[PDB]
Student: 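The structure under discussion is supplied below as structure tokens; questions concerning it will follow.
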Amino acid sequence: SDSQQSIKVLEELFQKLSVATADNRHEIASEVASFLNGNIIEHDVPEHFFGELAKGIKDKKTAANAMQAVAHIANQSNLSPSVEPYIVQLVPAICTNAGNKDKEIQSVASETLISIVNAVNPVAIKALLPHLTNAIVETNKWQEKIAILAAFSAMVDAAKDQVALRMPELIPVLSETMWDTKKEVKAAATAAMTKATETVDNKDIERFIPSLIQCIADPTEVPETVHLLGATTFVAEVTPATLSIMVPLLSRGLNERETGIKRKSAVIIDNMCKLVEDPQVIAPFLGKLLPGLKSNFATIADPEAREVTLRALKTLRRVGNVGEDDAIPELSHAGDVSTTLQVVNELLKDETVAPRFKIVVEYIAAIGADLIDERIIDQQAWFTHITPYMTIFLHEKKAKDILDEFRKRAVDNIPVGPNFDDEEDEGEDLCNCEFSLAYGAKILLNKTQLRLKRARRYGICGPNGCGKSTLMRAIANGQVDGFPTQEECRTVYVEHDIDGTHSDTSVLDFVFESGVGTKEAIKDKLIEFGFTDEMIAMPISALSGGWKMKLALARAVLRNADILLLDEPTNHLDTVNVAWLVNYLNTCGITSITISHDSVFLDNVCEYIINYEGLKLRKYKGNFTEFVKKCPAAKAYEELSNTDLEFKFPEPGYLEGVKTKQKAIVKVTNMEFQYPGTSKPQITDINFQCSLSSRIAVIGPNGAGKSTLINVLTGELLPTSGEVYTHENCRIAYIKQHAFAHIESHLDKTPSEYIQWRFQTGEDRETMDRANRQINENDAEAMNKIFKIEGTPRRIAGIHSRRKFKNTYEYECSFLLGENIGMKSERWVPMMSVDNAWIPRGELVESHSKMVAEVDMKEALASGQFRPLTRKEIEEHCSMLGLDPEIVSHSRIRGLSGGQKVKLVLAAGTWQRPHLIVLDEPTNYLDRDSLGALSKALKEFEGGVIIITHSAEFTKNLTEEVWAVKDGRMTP
Amino acid sequence: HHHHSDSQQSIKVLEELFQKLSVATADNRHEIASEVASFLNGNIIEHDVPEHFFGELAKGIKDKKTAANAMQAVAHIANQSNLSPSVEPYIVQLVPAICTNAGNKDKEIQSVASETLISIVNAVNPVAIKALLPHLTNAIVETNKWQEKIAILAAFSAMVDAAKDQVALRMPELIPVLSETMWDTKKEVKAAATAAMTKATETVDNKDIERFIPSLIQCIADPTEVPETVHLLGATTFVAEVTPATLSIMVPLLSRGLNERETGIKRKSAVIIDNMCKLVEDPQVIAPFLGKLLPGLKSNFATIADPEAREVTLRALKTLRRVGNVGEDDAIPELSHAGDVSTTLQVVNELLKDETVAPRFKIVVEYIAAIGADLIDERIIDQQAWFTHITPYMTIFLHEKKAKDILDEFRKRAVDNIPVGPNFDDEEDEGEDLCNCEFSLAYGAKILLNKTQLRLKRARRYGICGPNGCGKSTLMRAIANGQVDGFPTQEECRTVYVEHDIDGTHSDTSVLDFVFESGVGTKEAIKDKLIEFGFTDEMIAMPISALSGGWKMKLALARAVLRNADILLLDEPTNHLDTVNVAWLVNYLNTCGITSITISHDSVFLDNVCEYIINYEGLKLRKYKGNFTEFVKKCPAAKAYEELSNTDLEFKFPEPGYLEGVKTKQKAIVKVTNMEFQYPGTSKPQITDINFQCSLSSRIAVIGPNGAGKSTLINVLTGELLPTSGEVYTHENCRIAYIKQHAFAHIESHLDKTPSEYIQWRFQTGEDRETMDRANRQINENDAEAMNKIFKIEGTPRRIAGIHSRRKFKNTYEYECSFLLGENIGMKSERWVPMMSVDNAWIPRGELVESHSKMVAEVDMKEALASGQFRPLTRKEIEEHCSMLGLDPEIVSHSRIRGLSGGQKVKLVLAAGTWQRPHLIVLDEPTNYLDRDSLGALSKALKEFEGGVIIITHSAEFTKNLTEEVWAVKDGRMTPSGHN
Ligand SMILES: Nc1ncnc2c1ncn2[C@@H]1O[C@H](COP(=O)(O)OP(=O)(O)O)[C@@H](O)[C@H]1O
Ligand SMILES: Nc1ncnc2c1ncn2[C@@H]1O[C@H](COP(=O)(O)OP(=O)(O)O)[C@@H](O)[C@H]1O
């Protein structure tokens, strides 16, 4: 009913929109946008509305209006998941409009495509990309190609990790476009190409990227570029993105004319492909290299070029895991949309999914498929991204039971990759053993192998109690079958030496007694290690944790060690000393084997990881983080990374005048909201109060009145009438699932930089200005927006102060008055203080976000409410939410679990220590596990709480007050 | 003069070596080229040049029969680590002829020429670019042979890597040349030109336009893409300062954009021009480009009807006039010619007017003029910097004293031509103004500042700088107490002089009550902030007398927040703060969102915090955009702020590493007996019957005029030349450091690196690349099919499969190699079969380095680790080592070498050279490139060096009371004299 009311409101607004002019177009699009993205319909979609919107887009007369509405609907912080799939479905029609002969329609279309690319869940890339690639390949309108190429570029910044995996399919498309006959298209294709390459993220070839781009544009530079690439010694993994940029150059290298080049190409091919850890990766590229190699291993005289070629060929076959007769293995279809769709259709066979929800099912499949390519398999991650789409037509419990099953089956398709290859790696082995290990009749390792390379740094991992320390002890004592003797390979178990030196003994005589050389030779090295004469002569009993470690490593050098064995080396060590230890290990030139619960340490030191898997040792090239990507079961160990527990929200900020948690800090009276254009208000005669003790639950089915009440409460919509009292400095944290899904656009940052990103302007960009298109950042000219004040045209000269205006802010603005408008003597003259005026935040942010921010910054400081974004403060804050300091300041979000991302997002949401936390349907995307932790945190929250939900089970023992909207009204 | 015997012997040796050279075949070519190179680059001639030799070389390069041989000699002579300034200008003088050969029909001659140009580019003093570049630009523009163009283009590319800073300043001249070349009909030339262009853009020192570089280059190739390309850059937010490199790439595009038909393109062009150019800080930077922007903008303003496009066009025109300092009637400001070679050339010729400079030295004067012109362009003005670069060329035809006296006058006169340069502008930057004052400052009747101005922006960070004692602290105190005329009252602009507050709190008062007694809010409110800040409940309740230095600083800032401070004032805030607390302060100041003014002797702290530098100049305050490092670029005099006392110039060399079996400083660690060296092809050995010893107490002076014998003796002593006969004993682990002027000048190729990175670069392979293998080309990095070098051992052709160990051999090293035996060499069945250990053989280092450097470095590395002599390149040790040589730790790991003064660069190079803690230091003519101040410090450091010292000098003055042992070569013989 209140839901059926929504359908009507959408009709009135759409009726006004179709009539809209270039003058009022943005005003109504905004209304449609703010209303459509809220909780307005109960388990269904405004089918008729989307139908009219679709139709309107295809008609000249309304193309601009309909599309401009989409751009507003598809803003960066408020696109509702209940709407998202229906917006993406319009991209095709919109691409066509990007090729229209009419300038206005063509421009709005181009604009709308960028808006959509920046608004969708980045993980849903597989539902959007095909529309853009299909379009640019099949169109003959050059302006359309340029608009789609621009949308490709915007996507690189919006979903970098997701795009990276699509590179092998995207690069050839951009390459082909670079050869378009239209010069403008050539120019645009080259630019998008340069943009797309930002996803390679490979230090080894980075500096040659512009040289590869040029080659795509002109083959004649291939020899020149091959000659230019020969020396690149690869270190970092060779990803799909690396190949889509390398192979085409090489392929043309092989089929070159001169023997030298053919040879060079092979070297590069060889050198690069051996670094391909997964066969599925090189699979789609094999066909562009193998033939060129076979043709060469049988057409070039010189026995040098041949040997090279063969080596490459052999590498390709090994790495490619090719089969007999040069047959490329059958690619896995775990990440194919076609596959995940079959799984979801199958799981929905006994559910009657109406026609209008089919598009959603496809979206779900698309998201599921992408999560598989990104190897995101934990339960919370899936609930975070797909559940919200499913409740569009299914009930939460059914959706969740079905979802959990969908992920289990989708995950099982993930192919089991092979193991490292003991043969190839570089260098004289320090040891190469086949052995078993038993500790007190207990088998720790059976018929396993251990090969260590000189100057290489290794880390040993495994489930707690698997025998990590015992193996190390074994290596230290030479109790591994086949291990070299101490004379052949000197091992030093750092800090684990036992002796009988008196606590009186001097540091000098302590080392001397070890029979490691003369006292002169000892002082020499100790000094070189940072020791002073005073320390060398002092009693060992006085050395600190840092100096004992340094002392031990100094002894290692004098002992001429070949392998340094360390066990929890960062224990009792402060940050400067850990940093010192990291630097020393990376530069001492000696092999080291480490066991540490500090993943950050392991990442900074290890080049390889030796993991316990059953009673076998399995090698993995890379640090701990790389290790985890290749071995999921590692995320369940006892490393600093895997540590996850429950959380607590911060204490709200101090408020003067509030002595009792029952005093109202927010009180609204006779409040009413009515969209301009609607027949009657969505909510009226509203009255309510909030306090630090509030425990309110906004219950009921989605509808016009319930959502609008929410939108006025959270600051999105400005009440059309009524009084709003807000205690100075009162802050509200609005928690939506949008932030939880969209954090996937920031996997490249540390939790800390993410929090800095969200509060860049001083306010939460995720929730502030949800009613505005905030895509305006490159608007040098959009700053010339004209404001109409007292009947005169004006431009903003400055913004000086701020003050509360109901449920938002107003800003004092100084102006420039427009004179002789339209004439050759037009000018904008600065006005006097007297003519300054207060202008609502909503009318300023789109064109002057920077000035608004500078002003918000001042007011925050002037009122003592500003919290600095220091690493220390962020770490402290994140600790309360269950995140570890080292991981927050040094680890990339990419390595966090769904649950950890939940903590990070809650931390980011509560960073300003709000007095009122408003949660928007938290059970819609959080599993029982996360719901539990959140429940406790909300019970203990020292500030007010307002939970919007349908789940009564979640509200019991948590809330006590109830808000329910009936016929545009309600009573607390 | 007086005829110099050993010196005349050198002329004779070169003649014999040239005779052998002109006869060499592609087989033995490299062997004698190497001989000519190692000899020519030594101290062989006393104040003159082997004139006839250079004439023969030039005549040989122009002759088909001998072009290959002669150019290959030039190639070996121009190696990356041993090209002598005595020869350098005569080598560059041969470039035009070498270019012509790069376009020769003959396959061999053309190839050798191409290779030689690269060698020369990589061998010259980067600072002498203006002497080499013109040869290359002129050659590529007048030649019609396409292979010659490809070779020169390759040379420009190598230039970018060998002298990046110097090339960046040359971009406005280079880019147009590369662009024309891209329009060459020949398809291989267009590709090569485009590649060179792509390489040149690397001189753009920022990322503002990275994603558009390939588009801009493509645009130059196809100007019809200008309109669309202009549409693409519209979205560029220029942040970094606009330099000559950025302008050279942007202006041609914008200039065409302005002349385009569509009003939309004329408008977009203006917008980009406006945004980019208001980031120009020196009008001389944009002056040569104004003529390509002003007329178009003027024409567009008169032609366009649309008011928006008109306003945009007019706005860009006003920015151009402001930033370009354009005068009346839109006159482009007079171009300073301070950096023109013709300007510095006129200066030196005038200073040399009473000196008779022979025709054969004309090329050197011109070379000296080029170098000076570049020092000025790079704003390198200190005395030591000029002595490092120029003195060595001057002593080719002048005595050291006369050279140094003229050189110092040359520098002063040249530097004096550097233009004034208007102050810097804050207005268009981002901030509301906290203040804007016109004032004077007097302290006890002493004038600190006279009629100057001070404008501070809200939320902006400033650093105050100026010579010691100029008044920085008084100004700050003045600001805090509102004693600067027109400064806002406390109510309008609250300032907090961090940690300089005075009150009467008991040492008993708790932290909470301390803050509370200041009347800054209730106790509840205060507790809320302190906790938010990081204070625990325990600390909030404890006595203030209990806080550490770090928490007092943190408390002080917290109190500033409770007082709602608009401006924070900090005076030497890093004092009494460990690195963790200093890092915390930096972070806080950068994120507190409040304006801050800092005074600090730690330029590194200023670089991490400041956005602007307010500098005391005379009795005026001058503002500069950027942090300290950027400040020093616009104000080079600022590199002498911690100079005032003679003590900051001193340094000490490290203690040589421990050696077993050496219990006295007289114990010989190096002993040579019956030693002789004779170049193959000469009529008689250069030195013979040589005997000598070196110990940790050696204090030797290798005296005498330059010559064949003296130079060869040194070349054997330092390891470059393997003795032809005689015995050499070297104590195990004995290390020698050879300090040559070459390293001091060539560091200008690493201005981008921090001192720490520079040192890591020099010892990347565990050995010093500046002095090791000076007799080898060693420029083989992309040596992949040259590792397929065939070694003839025991009459059988072999390839190296691996190198396994090292052992001492005379004055160098031998390496145990395993081989691949060649079978059916030539046939289709040819193969390289690995041999057994029994066939391994010891091969001298000199024969392996050019083709197997990586493998050799891996062996040297293992021997260093096994002998326990290895020194890890950790930040801590590198800092500890550089501090001994008088360099600050913070500067060594965080500051770019570009910001160091000439005297500081000297400490750094000395630091690099003695990094491995040698037992002997051999200095090659130190007085030739060091000024009085550096010499004094060096003399003291040598006197205290706990290892041996060997000084190759002509100065009896510098050795008096330093050395007592004497080595003087006479007729190929030398017997040590003096005492120890
Ligand atoms: N149109 C919609 N699109 C997406 N989710 C919706 C929609 N309508 C309701 N939901 C979600 O339905 C969830 C509750 O489902 P459930 O309790 O099973 O059904 P009901 O609320 O009718 O008892 C809530 O989390 C709510 O967010
Ligand atoms: N041919 C040369 N080229 C460059 N420098 C030279 C040459 N010959 C000598 N010098 C330099 O001359 C410098 C000063 O010598 P000086 O003392 O003036 O003359 P002399 O040593 O003959 O008494 C020495 O540092 C020496 O390195």
Side-chain angles (χ1 to χ4, degrees), chain A residues 3 6 36-47 80-86 356-357 360 383 386-401 698-703 706-707 736-737 919-926 931 947-954, chain B residues 1-2 4 6-7 10 40-51 84-90 360-361 364 387 390-405 702-707 710-711 740-741 923-930 935 951-958:
Chain A
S3 178
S6 299
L36 181 64
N37 280 308
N39 309 306
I40 59 168
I41 304 172
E42 185 66 33
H43 292 291
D44 213 310
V45 306
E47 192 191 4
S80 167
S82 322
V83 178
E84 194 173 330
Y86 298 95
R356 59 178 179 294
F357 304 124
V360 183
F383 278 40
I386 307 153
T387 313
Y389 293 108
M390 289 182 82
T391 61
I392 290 176
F393 57 97
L394 292 172
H395 280 304
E396 188 177 300
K397 181 186 173 182
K398 180 72 67 54
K400 286 184 177 175
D401 285 308
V698 176
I699 68 170
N702 297 329
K706 185 186 184 183
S707 83
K736 262 156 129 154
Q737 78 81 223
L919 298 78
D920 191 298
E921 293 296 335
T923 68
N924 200 344
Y925 61 93
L926 299 174
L931 273 175
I947 315 179
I948 299 173
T949 173
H950 288 190
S951 171
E953 183 180 302
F954 176 71
Chain B
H1 231 320
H2 302 302
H4 302 290
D6 199 30
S7 182
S10 300
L40 182 64
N41 280 316
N43 312 289
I44 55 165
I45 297 170
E46 188 66 357
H47 295 300
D48 214 312
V49 302
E51 199 182 5
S84 168
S86 295
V87 167
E88 194 176 332
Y90 297 95
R360 62 182 182 290
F361 300 126
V364 184
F387 280 31
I390 304 169
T391 322
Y393 298 98
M394 293 190 86
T395 49
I396 285 170
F397 65 96
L398 292 172
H399 280 292
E400 196 187 297
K401 183 163 176 51
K402 176 70 65 56
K404 289 183 177 179
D405 290 333
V702 187
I703 313 291
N706 283 0
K710 184 185 190 177
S711 62
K740 207 163 180 55
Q741 87 81 228
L923 309 91
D924 196 297
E925 295 296 342
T927 67
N928 207 331
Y929 61 89
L930 294 172
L935 284 176
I951 307 175
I952 300 157
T953 179
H954 288 219
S955 183
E957 310 95 84
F958 181 70

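Order of appearance sets the numbers: ligands from 1, and atoms from 1 within every ligand. Proteins get letters first, then strands, A, B, ... in listed order; numbering begins at 1 in each.
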Student: Give the numbers and elements of all ligand 1 atoms closer than 4.0 Å to a heavy atom of A/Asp44.
Tutor: 1 (N)
Student: Would A/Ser80 and A/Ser82 count as having a side-chain donor-acceptor pair, cut-off 3.5 Å?
Tutor: yes
Student: Any donor-acceptor pair under 3.5 Å linking the side chain of B/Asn706 with the backbone of B/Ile45?
Tutor: yes
Student: Quick one: nearest non-hydrogen protein atom to atom 14 (C) of ligand 2, plus distance?
Tutor: B/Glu400 CB, 3.1 Å
Student: Under 4.0 Å between a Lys/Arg side-chain N and an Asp/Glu carboxylate O for B/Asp924 and B/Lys740?
Tutor: yes
Student: For atom 15 (O) of ligand 2, grab the closest protein heavy atom and report residue, atom and distance to one decimal in Å.
Tutor: B/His47 NE2, 3.5 Å
Student: Within a distance of under 4.0 Å, is there any protein heavy atom near atom 23 (O) of ligand 2?
Tutor: no
Student: Give the ring-plane orientation class for B/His954 versus B/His47, where under 30° counts as parallel, over 60° as perpendicular and anything between as tilted.
Tutor: perpendicular
Student: Just heavy atoms, cut-off under 4.0 Å: does B/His399 contact ligand 2 by side chain, backbone, both, or neither?
Tutor: both
Student: B/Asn706 heavy atoms, cut-off 4.0 Å: which ligand 2 atoms fall inside?
Tutor: 7 (C), 8 (N), 9 (C)
Student: Identify the closest protein heavy atom to atom 26 (C) of ligand 2: which residue and atom is it, and at what distance?
Tutor: B/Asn928 ND2, 3.4 Å
Student: Donor-acceptor pair, distance only, cut-off 3.5 Å: does the side chain of B/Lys710 make one with the backbone of B/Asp6?
Tutor: no
Student: Is B/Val49 touching ligand 2 with its side chain, its backbone, both, or neither, if touching means heavy atoms under 4.0 Å apart?
Tutor: neither
Student: Let me see the working for A/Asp401 and A/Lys397 under salt bridge (charged side-chain N to carboxylate O under 4.0 Å, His left out), right down to the final yes or no.
Tutor: CA-CA 6 Å; A/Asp401 285 308; A/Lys397 181 186 173 182; 5.2 Å; no
Student: Main chain of A/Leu926, side chain of A/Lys400: is a donor-acceptor contact present, judged purely on distance under 3.5 Å?
Tutor: yes
Student: Just go through B/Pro85, B/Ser86, B/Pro50 and tell me whose heavy atom is the nearest to atom 3 (N) of ligand 2.
Tutor: B/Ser86
Student: Tell me which one of A/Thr391, A/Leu926, A/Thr387, A/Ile40 gets a heavy atom nearest to atom 6 (C) of ligand 1.
Tutor: A/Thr391
Student: Which protein non-hydrogen atom lies closest to atom 25 (O) of ligand 1, naming both residue and atom, and how far is it?
Tutor: A/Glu921 OE1, 3.1 Å
Student: A/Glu396 and A/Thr923: side-chain donor and acceptor closer than 3.5 Å?
Tutor: yes
Student: Nearest protein heavy atom to atom 2 (C) of ligand 2, by residue and atom, and its distance?
Tutor: B/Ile45 O, 3.5 Å
Student: Mark up the atoms of ligand 2 that fall under 4.0 Å of a heavy atom belonging to B/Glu46, in ascending order.
Tutor: 8 (N), 9 (C), 20 (P), 21 (O), 22 (O)
Student: How does B/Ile396 reach ligand 2, by side chain, by backbone, by both or by neither, if only non-hydrogen atoms under 4.0 Å count?
Tutor: both
Student: Identify which one of B/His4, B/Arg360, B/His1 satisfies the side chain to side chain donor-acceptor pair (under 3.5 Å) criterion when paired with B/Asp48.
Tutor: B/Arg360
Student: Could you tell me whether a side-chain N or O of B/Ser10 sits under 3.5 Å from a main-chain N or O of B/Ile44, the two making a donor and an acceptor?
Tutor: yes
Student: Heavy atom of A/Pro388 under 4.0 Å from ligand 1?
Tutor: yes
Student: Could you tell me the residue and atom name of the protein heavy atom closest to atom 17 (O) of ligand 2, and the distance to it rounded to 0.1 Å?
Tutor: B/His954 CB, 4.0 Å
